[PDB]
Structure formats: C-alpha cells, structure tokens
Amino acid sequence: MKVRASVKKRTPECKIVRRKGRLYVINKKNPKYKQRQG
Amino acid sequence: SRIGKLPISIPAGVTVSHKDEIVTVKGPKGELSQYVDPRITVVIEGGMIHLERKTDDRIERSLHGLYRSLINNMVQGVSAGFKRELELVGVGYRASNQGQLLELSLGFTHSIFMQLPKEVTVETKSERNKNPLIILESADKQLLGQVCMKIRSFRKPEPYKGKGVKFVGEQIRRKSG
Amino acid sequence: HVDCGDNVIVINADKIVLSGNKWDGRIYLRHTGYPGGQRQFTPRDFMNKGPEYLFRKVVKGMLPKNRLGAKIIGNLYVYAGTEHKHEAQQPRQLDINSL
Amino acid sequence: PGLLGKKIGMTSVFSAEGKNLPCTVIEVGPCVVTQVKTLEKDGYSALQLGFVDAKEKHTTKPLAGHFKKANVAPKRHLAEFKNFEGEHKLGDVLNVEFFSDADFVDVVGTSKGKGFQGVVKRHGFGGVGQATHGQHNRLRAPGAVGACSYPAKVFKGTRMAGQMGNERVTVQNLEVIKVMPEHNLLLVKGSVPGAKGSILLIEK
Amino acid sequence: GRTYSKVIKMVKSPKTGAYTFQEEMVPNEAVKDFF
Amino acid sequence: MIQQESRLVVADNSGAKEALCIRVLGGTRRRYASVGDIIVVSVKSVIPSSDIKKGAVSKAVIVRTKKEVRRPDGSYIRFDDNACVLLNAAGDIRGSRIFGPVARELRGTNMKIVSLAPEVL
RNA sequence: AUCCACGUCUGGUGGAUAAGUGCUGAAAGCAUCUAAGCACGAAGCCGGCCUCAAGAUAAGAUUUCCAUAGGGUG
RNA sequence: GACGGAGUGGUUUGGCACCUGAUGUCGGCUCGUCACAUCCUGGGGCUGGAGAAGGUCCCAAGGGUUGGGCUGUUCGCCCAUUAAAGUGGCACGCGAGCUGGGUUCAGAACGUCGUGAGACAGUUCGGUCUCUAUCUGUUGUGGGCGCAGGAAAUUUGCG
RNA sequence: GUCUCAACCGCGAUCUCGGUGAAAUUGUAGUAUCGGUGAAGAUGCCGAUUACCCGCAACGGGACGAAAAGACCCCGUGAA
RNA sequence: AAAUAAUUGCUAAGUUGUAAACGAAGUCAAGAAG
Ligand SMILES: C=C[C@]1(C)C[C@@H](OC(=O)CS[C@@H]2CC[C@@H](N)C[C@H]2O)[C@]2(C)[C@H](C)CC[C@]3(CCC(=O)[C@H]32)[C@@H](C)[C@@H]1O
Ligand SMILES: [K+]
Ligand SMILES: [K+]
Ligand SMILES: [Mg+2]
Ligand SMILES: [Mg+2]
Ligand SMILES: [Mg+2]
Ligand SMILES: [Mg+2]
Ligand SMILES: [Mg+2]
Ligand SMILES: [Mg+2]
Ligand SMILES: [Mg+2]
Ligand SMILES: [Mg+2]
Ligand SMILES: [Mg+2]
Ligand SMILES: [Mg+2]
Ligand SMILES: [Mg+2]
Ligand SMILES: [Mg+2]
Ligand SMILES: [Mg+2]
Ligand SMILES: [Mg+2]
Ligand SMILES: [Mg+2]
Ligand SMILES: [Mg+2]
Ligand SMILES: [Mg+2]
Ligand SMILES: [Mg+2]
Ligand SMILES: [Mg+2]
Ligand SMILES: [Mg+2]
Ligand SMILES: [Mg+2]
Ligand code: NA
C-alpha cells in the first residue's frame with residue numbers, strides 16, 4: 001500500500017472504491033498497485 | 001434496480017411467510033429468517049416473491065437489489081444447499097473429522113481442533129498420494145462463508161509454491177523464487 | 001434577580017432522541033488539573049450513568065452563569081421511567097409541545 | 001476472604017530441600033464474625049470480623065450494643081472481607097486453618113513512620129553538584145521546580161519533601177511456609193510492612 | 001512439541017445473535033474436557 | 001563487586017599479570033560483576049617475553065572476589081583478592097594452568113577452569 | 001537496639017477500536033470489506049492491579065448508643 | 001528519480017524595528033513536562049520477500065532509551081557496550097535552584113596595525129555570581145463550621 | 001566519599017514555649033486555572049473550568065520579583 | 001432583547017452556524033454530441 005494525494009488506476013484491472021469516506025485502489029491480481037487517500 | 005425487480009421462483013416443497021418485518025423461508029434443509037426494511041415491500045403471490053419500491057431514491061435503489069438477493073440466497077439454501085471444497089496442499093498436511101469435530105495438521109507445532117455448528121456439516125475425503133479434501137455444506141451462504149475463510153486463515157496459500165489451504169481449483173497468485 | 005420559575009419534573013427521559021451521528025460523535029472535553037490531563041467523553045457515556053447526568057449538563061449552559069443559576073438548577077428532577085414520588089406536591093401536567 | 005493477624009517478628013529457617021529461608025511470624029488469631037452484610041440491605045456482601053479481646057472499660061456503649069447483638073465477646077479491631085465460601089453467620093469463629101489450603105497470601109499493613117523527609121530520601125533525588133568543586137549549600141537540594149514564563153507555574157504532582165511512611169501498603173504473593181493451628185501461628189516467606197505488634201490483614 | 005493444542009468452537013452472542021469464535025491453547029490431553 | 005576501572009590479578013599462565021576492567025557485559029546499566037561473570041579488559045602489565053602484549057583488549061571471566069558471595073545453603077565465601085582468567089574469541093581460555101583457588105560458581109559456567117584448578121572453594 | 005544498602009523478599013495482571021484482513025451484498029445485470037447487516041484485528045483506549053477518595057454542599061449506606069451517649073483540658 | 005510546479009511549519013540564517021528610572025547571556029548539573037516528524041519494544045500492506053537477513057510505507061507516544069578518552073564546549077571523532085543509545089518545544093525550559101571552564105571590565109605579554117595615545121576575521125596567564133518568600137504556585141499537616149437531633153464504629157466509590 | 005551512590009553519628013543553627021524585638025519592600029485589592037485577545041509573552045479583558053472559612057511547616061515556576069534614573073549601543077554643536 | 005414566523009429549493013459533511021497544485025466526481029439543475 002502507498003498513500004498519495006492523487007490516486008489513479010495505473011493498470012486496466014484496478015478499481016477505485018470508497019471505504020468509510022476514503023478512496024482506495026484495489027487490485028487482487030497484482031497487489032503492488034494498491035493505493036490509499038484518493 | 002435490474003437485480004431487485006426479478007421474481008424468485010419458489011421451488012417444490014418450501015413455504016415462505018412474512019411476519020413482523022421478518023421474511024422466513026422453510027424447507028428440507030431448515031428455516032432461515034431475514035429482516036426486511038419497511039420501505040421495501042414483498043408480497044407472496046402464486047408461489048412467487050415480488051419486490052417493489054415507491055421512491056426511486058438511492059437509499060431504496062440499493063436496498064431493492066439487496067433484499068432480492070438475500071431471499072434468493074435463502075430459497076436455494078433450504079432446497080439444494082451450498083457446496084465448498086477445501087484442498088490442503090503441501091506434504092505433511094492432513095485433515096480428518098470425527099463427528100462434527102475437525103482435526104487439522106497444517107505445519108505448526110500444535111494441532112488445530114474446530115467444532116462446527118449443525119448448520120455446517122463436515123466431511124473429509126483424504127486419499128493416499130492425493131491431497132486431503134474438506135467439504136462443508138449448509139443452508140446459509142453468509143455463515144458457511146464465515147467458516148470457510150476461518151479455516152483458510154490458518155494457512156493462506158503462498159506464491160512461491162501452491163502450498164496452503166485453497167478452494168478447489170482456485171486461481172492462485174504464483175511467483176518464482 | 002429572584003427565583004420565580006417553576007419546579008420541573010421530566011419523565012421518560014431515557015427515550016430522548018439525538019439526531020445525526022451525535023451519540024458517539026460529539027466529543028466533550030475536560031481537564032483534571034494535572035499535566036497531560038485532558039479527557040474525552042460522549043453523550044452516550046453520560047447516558048450510561050443515567051438520564052439525570054445528560055440532562056443536567058445540557059440544561060446547564062442554557063442558564064445564567066451566576067449564583068442564581070446555580071440555585072435554580074436544583075429545581076429540576078429527571079427520571080428514567082414513568083415512576084416518581086412527588087404526589088404530595090401535586091405536580092401539574094403540561095404538554096411541552098404547547099410551549 | 002481472609003483474617004486479621006498480628007506481626008510478631010522475623011527469623012530464618014532451613015527447608016527440607018535444604019534452603020535458608022527468611023520467614024515472618026504472624027499470629028492470625030481467632031476472629032469472630034461480628035456483622036453479616038448482605039445485598040438487599042447494605043448494597044454489597046461482606047463479613048466483618050473482630051480480632052483482639054477488649055476489656056469493657058475500653059468499649060464504648062455503642063460498640064457494646066454492637067457485640068451484644070452478635071452475642072460475642074467484645075473485640076478491639078474490626079475489618080471487612082468479601083467473597084467467602086461457606087455462608088458463615090453471626091457469632092461464628094474462624095481460625096488459622098482457613099489458610100491450611102493456601103499456597104500464597106497477600107498481606108496489607110501500615111508502614112513504619114519516617115516523619116517529614118527530604119527529596120533525597122523520599123524520592124531518591126540525585127542532589128545538586130558534587131560535594132566539592134564550588135558547591136556552596138545545595139548538596140541535598142531539589143534543583144529546579146519548573147520552566148520559565150510559559151507554564152509560569154509549578155505543575156500538580158511535582159515531587160517535593162513531605163511526610164513519608166505511616167501509610168497502607170500491600171505485598172502480594174507471599175509463599176506460605178507452615179500453618180500451626182496450636183498457637184494460631186502462620187509462617188510466610190519474606191517481609192511484611194509495619195513494626196512488631198502491628199495489625200495485619202491476610203488475604204487468602 | 002506435543003505440549004499443547006489449539007481448540008475452537010463458535011457460540012451465539014446475545015449482543016448480536018451470530019456466532020463468535022472462542023479460542024485457547026490447552027495441553028494435548030485436555031481438549032475432550034473443552035469440547 | 002567489580003566495575004569499570006577496577007584492576008584484577010590475572011590468575012592463569014597466559015602471560016598477562018594485571019588487567020583493567022573496561023566493561024561489564026550483559027545489560028545497559030549493569031554495574032557490578034561477580035564470580036562467573038564475563039568482562040572486557042585491557043592488559044596492563046605482562047611477564048617479559050610473553051605471548052599477549054601490554055595494552056591488548058580481551059575478554060575474561062572472574063574467579064575470585066573480595067566481596068563475599070552468597071550461596072543458597074546459607075554459606076558465604078570471600079577471597080583475599082579479585083582475580084580473573086583471560087578467554088579467547090571462541091570462548092575458551094588462553095592458558096594452561098590456573099594459580100590459586102577458584103569459586104564453585106564456575107561449576108555451572110566453565111568446566112575447563114574447575115578441572116585444572118588447585119582447589120575449588 | 002534503631003536507621004540503612006552493598007542485603008533480602010515481592011511486583012509490572014474482558015470490552016471497544018487504529019492501520020489492516022474478511023463474509024454476505026446492491027446502487028451500477030458484472031465487480032465491490034459497506035451502502036442494510038456480520039466476524040476479526042495493537043506494549044495503544046476503557047476495565048482489571050495499588051493508594052487516596054462523601055466539603056461527591058448532589059455532603060451517600062449500614063450496626064449500635066443517647067435524646068450520663070460521647071467528648072475536651074490534664 | 002532529472003527539468004520544472006503547489007503547499008505546510010516557524011526549531012536555522014536573514015528581513016522589519018512593534019514591547020522592554022536593567023526582560024542575567026554559552027556549556028554543564030538538578031528537576032522535569034509536552035509533541036510525534038518513532039531509536040527499541042507492539043500490529044500491518046508491498047517488495048526486484050525462497051528461508052535467514054533486509055528495503056519501503058502505514059498504525060502506534062505505554063514504558064524504555066549506557067559508561068568513558070579529547071575539547072569550555074554545543075557539535076563531532078574515537079573506545080567498550082545495548083533491545084535501543086530518537087528528534088524537537090517549553091525566554092535556543094530551568095543562575096530570588098547550583099557552577100563559573102567560555103564570552104565581555106580594570107594587570108601583563110606575543111603576532112599584527114598605528115608617528116602616538118591605543119587597537120584586533122587574533123592569541124595567551126590572572127581576575128568578588130547579592131536578597132530573612134508578601135501574593136500566587138506546589139508538596140505535606142492542622143483549626144472552624146457544615147452535612148435538617150447528637151454520638152462510637154464499619155463502609156460504597158463520584159473521581 | 002571527588003565519584004559509582006550514598007548511609008549513619010555529634011554539637012551549633014532549625015522547630016515549639018517564655019522574655020525583648022528590627023529591616024529591605026509597599027497605588028488600592030475579596031490577588032484561582034486554561035486557551036483566546038491585546039503596546040504583539042494576562043491574577044485583574046472574553047468564553048469556559050475549578051474552588052467551604054482560617055492557619056503552620058517546606059520548595060522556589062510566576063508576580064517581565066527587590067536592589068542601582070543600563071557601564072553595552074546611539075544621541076548632546078555635554079565633560080574629563 | 002425580538003419569529004422554534006410563512007413559502008421554495010440545496011447540504012449529510014456537524015460541512016456550517018467565525019488554503020493551493022492535484023484527485024475522485026458524492027449529489028442537484030440546465031444543456032451538447034452520438
Ligand atoms: C546589562 C544587561 C543585562 C544584564 C545583560 C544583557 O547582556 C548585555 O547587555 C551584553 S553586552 C555587555 C553588558 C555589560 C557590559 N559591561 C559589557 C557588555 O559586553 C542581555 C544578555 C541582553 C543582550 C540585553 C537584555 C538583557 C535582559 C535580557 C538579557 O538576556 C540581557 C539586559 C537588560 C540585562 O539586564
Ligand atoms: K500560566
Ligand atoms: K466571531
Ligand atoms: Mg516514626
Ligand atoms: Mg552524591
Ligand atoms: Mg563558591
Ligand atoms: Mg557548604
Ligand atoms: Mg454482487
Ligand atoms: Mg517563535
Ligand atoms: Mg521598572
Ligand atoms: Mg505517526
Ligand atoms: Mg535557555
Ligand atoms: Mg544568581
Ligand atoms: Mg530564574
Ligand atoms: Mg590592559
Ligand atoms: Mg591564583
Ligand atoms: Mg551564591
Ligand atoms: Mg542542638
Ligand atoms: Mg519567641
Ligand atoms: Mg497570551
Ligand atoms: Mg492567563
Ligand atoms: Mg526587577
Ligand atoms: Mg537612564
Ligand atoms: Mg428572549
Ligand atoms: Na610600530
């Protein structure tokens with residue numbers, strides 16, 4: 001997981017979800033693209 | 001919703017009711033009760049379950065599909081059931097149940113003993129030269145999913161070899177060393 | 001400058017309603033007087049002690065901050081259930097919605 | 001649960017394994033139940049015990065009516081213990097055999113009184129400077145008591161000189177060496193607070 | 001080794017109603033007591 | 001009761017004669033070292049034509065102390081001096097003979113000292 | 001004897017959570033730990049341990065005595 | 001992570017000159033208290049993570065966080081340890097609490113500048129640290145009255 | 001015993017009682033805390049918070065505490 | 001001190017009642033291409 005002020009997809013299989021007021025980028029196939037704080 | 005505007009064809013030999021905001025499905029595998037929110041209404045007609053909502057607001061658009069699926073999961077739960085197969089991978093890993101007691105040797109120093117509720121029956125077909133297989137059945141998707149991931153949590157599969165507790169034929173993240 | 005109000009009895013106070021995310025979202029702050037002595041608590045923390053500990057704190061702060069206000073807060077009696085013992089005083093009934 | 005005792009003194013004994021052990025001798029004398037406290041009347045359940053025989057000349061009339069009700073000989077010391085098992089009633093008698101099944105005990109006492117003491121002995125302060133090297137008169141001084149204009153005050157809880165000792169102290173998990181029912185004697189390993197002849201509470 | 005073993009059973013909870021998870025580590029010759 | 005800057009007799013035939021304690025091992029503010037403890041020393045003096053040199057840094061183990069040592073059976077032992085024995089990097093001793101008595105505490109630490117000492121306690 | 005350490009003995013003991021992990025699951029036919037619900041999850045928070053503590057002027061409770069009870073001075 | 005860009009803070013060096021018939025100054029000692037931008041210990045995500053050992057980021061301030069040689073030193077270098085030898089604020093915390101080695105009085109000397117009296121991006125030896133605590137603050141310990149008659153004990157625990 | 005790292009002992013001072021009895025200082029005071037505000041670092045302003053009335057011992061954070069019309073610095077068509 | 005006044009919408013953040021480059025677009029109104 002990395003924390004950025006601007007989170008993007010960066011990969012075609014990434015999806016942006018909101019979990020308790022915060023944005024996350026999730027990717028089960030390749031977890032190295034996980035992000036937080038959209 | 002597209003999902004929540006779908007009838008559920010009530011199968012043979014199961015009875016459905018509605019009393020005090022609670023929807024209750026009874027069948028061969030047991031009975032399941034699910035509270036339904038007063039702003040999403042259901043009526044049992046012709047042996048079919050129809051849902052409808054008054055206002056098109058997002059607080060009901062989310063609830064409409066949600067309550068169609070919770071009932072649709074209950075009806076198939078009390079008629080057929082639900083299947084999950086766990087396959088222990090890695091030498092020295094054995095599974096064997098006596099009654100409802102489950103015994104697991106997953107590589108630690110200690111052993112693991114788990115008692116399941118009567119909702120989740122347990123069976124274990126473990127052949128020689130072949131990996132042990134854990135089979136769980138129930139009528140509740142949510143609870144059987146709760147038990148299945150607790151067993152897998154004891155030993156999650158690793159990438160370097162396929163070793164660990166996996167769902168049967170599950171796609172596994174692999175990574176050479 | 002005189003105590004001219006009415007003695008008030010509140011009943012069914014355990015069914016008071018707070019809106020929003022206020023029960024465990026409204027932070028109170030107080031200090032013990034020792035260094036590093038600030039503490040937090042919520043309206044639900046008061047409710048555990050009892051209705052008379054939330055109502056007294058809320059009604060205080062809407063009263064004058066003087067000696068007279070300290071006296072008149074003692075003219076308030078708050079009860080959880082519907083049962084009290086003041087039948088010797090002959091309490092009158094008032095619809096608070098009429099105020 | 002527990003009983004009242006009197007501190008006698010210390011000695012050292014050899015065990016069967018062949019170890020030298022410091023032991024404290026306590027007279028856990030007979031205690032009578034002087035009052036039973038219950039939920040429905042008092043708000044909690046406990047037992048009040050009385051330990052040392054008292055002359056009538058030393059017992060006030062309010063306390064005389066207290067023991068006469070319980071129908072026991074008046075006592076000098078009174079204490080409460082909770083969480084018993086056996087439902088003793090008024091006027092029952094308890095003794096050292098209560099601890100005959102006890103492996104460890106807690107002892108509550110009052111420490112020896114040191115009077116008014118300085119920061120060096122009360123709190124272990126280091127002292128200011130050396131004994132030489134320009135020292136004038138702050139050998140046993142506390143040093144600074146705070147910061148400058150911000151704060152601009154001494155904080156609560158600052159460690160200073162004052163009264164030391166003569167206070168309730170608890171020592172936990174004392175190993176029981178032997179129980180002597182003949183003399184109402186109990187033997188424990190280690191030391192307990194207080195001077196000889198002081199009154200102790202021993203918790204099972 | 002062979003000085004303890006892990007035991008789990010699930011009990012319904014009054015606060016919610018769904019099953020919780022009870023866990024300990026008891027010596028190998030004590031699980032029959034627990035279950 | 002040995003601490004930093006203490007001087008000990010060297011009680012083996014390692015060549016060294018007097019040693020100065022630099023550190024008591026095994027803890028942030030460990031103040032004192034007793035019999036059977038490990039310390040770090042500097043060699044202060046040597047016999048002419050010896051193996052180790054004056055000013056070398058070495059590990060050592062204490063075998064005698066002037067401060068009395070307590071035993072669980074109620075007995076005590078003290079000696080006329082403080083003495084140690086130099087050890088090598090692999091934990092063994094650098095000499096052949098031990099001169100003088102050694103304490104019984106080393107029966108639980110180093111059997112090499114006890115086997116080749118004139119007397120134990 | 002007392003006072004001491006360099007001595008001796010003793011001590012540092014369920015709930016709700018953070019970052020995270022999930023189950024079921026729509027809005028949005030799929031996906032999704034969340035939107036309705038639910039199971040976890042830190043030496044941290046609250047309890048649990050020790051001491052003080054009803055001037056807690058909201059001044060609490062119990063047992064008994066007096067209306068010779070009980071005290072002060074010595 | 002180059003070329004570039006947007007902010008936050010006010011612990012550095014500055015800019016301004018707004019408070020001051022006197023607002024004691026470096027370093028150390030003593031005594032602390034607070035923050036978290038975490039050194040150790042606790043919990044996690046990712047890894048170019050086989051294991052072991054790491055790297056990086058996230059949550060976390062409960063406790064802990066060494067002794068020496070040199071130097072007035074802060075800071076640094078070195079020696080030996082430790083789980084670790086954190087970073088800062090509080091008048092660069094703290095001199096009506098200590099010291100007085102340094103800086104910054106009057107003596108003297110060197111280099112250097114000046115015709116000289118003298119002077120210093122310098123250096124060197126020496127050179128008085130005052131006050132009986134009123135208010136508040138803090139640590140202990142009492143007297144009076146109250147607590148809806150007066151007393152002797154035992155107590156619950158708001159905190 | 002300079003220190004690790006302090007411990008104990010004796011007299012004088014100290015504390016209590018009897019006798020005698022000053023001084024520095026002092027606009028008036030029933031003189032609490034926190035943050036804010038402000039001639040820009042608040043006992044005294046604002047909003048909250050805490051606090052029954054009156055002493056004694058002990059320590060020095062604040063009252064930009066006291067003492068001295070700053071010696072530094074600049075200024076005076078000052079002085080030596 | 002004086003309206004728990006009347007009517008119509010927006011906000012779910014206690015935002016409010018007294019900061020930016022850059023993200024995601026949470027939601028409401030009016031359009032454009034297709
Ligand atoms: C005399 C004034 C002092 C004691 C000290 C003063 O130091 C100086 O004057 C350094 S110059 C020095 C003076 C003596 C001369 N003979 C030689 C010359 O070298 C200092 C540090 C400040 C720079 C000014 C303000 C101050 C209060 C706060 C403070 O820290 C003080 C004043 C008001 C203070 O009363
Ligand atoms: K202040
Ligand atoms: K304003
Ligand atoms: Mg005494
Ligand atoms: Mg000292
Ligand atoms: Mg001096
Ligand atoms: Mg002196
Ligand atoms: Mg779905
Ligand atoms: Mg500043
Ligand atoms: Mg002035
Ligand atoms: Mg942090
Ligand atoms: Mg300073
Ligand atoms: Mg001074
Ligand atoms: Mg000062
Ligand atoms: Mg000169
Ligand atoms: Mg001289
Ligand atoms: Mg002085
Ligand atoms: Mg004397
Ligand atoms: Mg006198
Ligand atoms: Mg201010
Ligand atoms: Mg202020
Ligand atoms: Mg002054
Ligand atoms: Mg002037
Ligand atoms: Mg009004
Ligand atoms: Na010249």
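In what follows, chains are A, B, ... by sequence order, proteins preceding strands, each numbered from 1.
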A/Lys28 side-chain N/O to H/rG45 phosphate OP1/OP2 under 4.0 Å:
no
side-chain contact (heavy atoms from CB on, under 4.5 Å) involving A/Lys2 - partner list, sequence neighbours excluded
none
The answer to which of C/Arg56 and A/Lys34 contacts RNA chain G further toward the 5' end, by nearest nucleotide, is A/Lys34
Applying the 3.5 Å rule to both hydrogen-bond distances, is there a Watson-Crick or wobble pair between I/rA63 and H/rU134?
yes
Is the base of H/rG7 stacked on the base of H/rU8, judged by six-membered ring centres under 5.5 Å apart and planes under 30° apart?
yes
Now, which nucleotide makes the Watson-Crick or G-U wobble pair with I/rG36, with each of the two distances under 3.5 Å?
I/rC45
Do H/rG93 and H/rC31 pair up in this structure? I mean Watson-Crick (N1 to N3 plus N6-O4 or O6-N4) or G-U wobble, both distances under 3.5 Å.
yes
Scan every strand shown for a Watson-Crick or G-U wobble partner of H/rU11, both distances under 3.5 Å, and answer none if you come up empty.
none
Ignoring backbone atoms, establish whether D/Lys153 has a side-chain N or O less than 4.0 Å from OP1 or OP2 of I/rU43.
no
RNA chain G: D/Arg168 or D/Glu175, which has the more 5' nearest nucleotide?
D/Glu175
Could you check whether the six-membered base rings of H/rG49 and H/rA50, which sit next to each other in the strand, have centres less than 5.5 Å apart and planes tilted by under 30 degrees?
no
D/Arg76 side chain N/O closer than 4.0 Å to the phosphate oxygens (OP1, OP2) of H/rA153?
no
Tell me the partner of I/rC72, counting only Watson-Crick (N1-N3 plus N6-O4 or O6-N4) or G-U wobble (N1-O2 and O6-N3) with both under 3.5 Å; none if nothing fits.
none
Is H/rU66 in the syn range, within 90° of 0, or in the anti range?
anti
For D/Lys156 and I/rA32, is the shortest distance between a side-chain N/O and OP1 or OP2 below 4.0 Å?
no
What's the base orientation of G/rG12: syn (chi within 90° of 0) or anti?
syn
Which way is the base of H/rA37 turned, syn or anti, if we draw the line at 90° from 0?
syn
D/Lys114 vs G/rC4: side-chain N/O to OP1/OP2 distance below 4.0 Å:
yes
Is any side-chain N or O of F/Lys59 closer than 4.0 Å to OP1 or OP2 of H/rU81?
yes
Report the pucker family of G/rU34 (north if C1'-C2'-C3'-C4' is positive, south if negative).
south
Secondary structure string for RNA chain G (Watson-Crick or G-U under 3.5 angstrom, | for other-strand pairs):
.............((....((((.............))))....)).....|..|....|||||||........
Side-chain N or O of D/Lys61 less than 4.0 angstrom from OP1 or OP2 on G/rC66?
yes
Mind checking who H/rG140 pairs with, Watson-Crick or G-U wobble, both distances under 3.5 Å?
I/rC56
Under-4.0 Å side-chain N/O to phosphate OP1/OP2 contact, C/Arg30 with I/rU33:
no
Checking all strands, does D/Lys69 fall into the base, sugar-phosphate, or nothing category for heavy-atom contacts under 4.0 angstrom?
sugar-phosphate
For D/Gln48, which contact category applies under a 4.0 Å heavy-atom criterion: base, sugar-phosphate, or nothing?
sugar-phosphate
Residue B/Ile3, side-chain heavy atoms: nucleotide from G/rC30, H/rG93, H/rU82 that is nearest:
G/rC30
Test the consecutive nucleotides H/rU128 and H/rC129 for base stacking (six-membered ring centres under 5.5 Å, planes under 30 degrees) and report the result as yes or no.
no
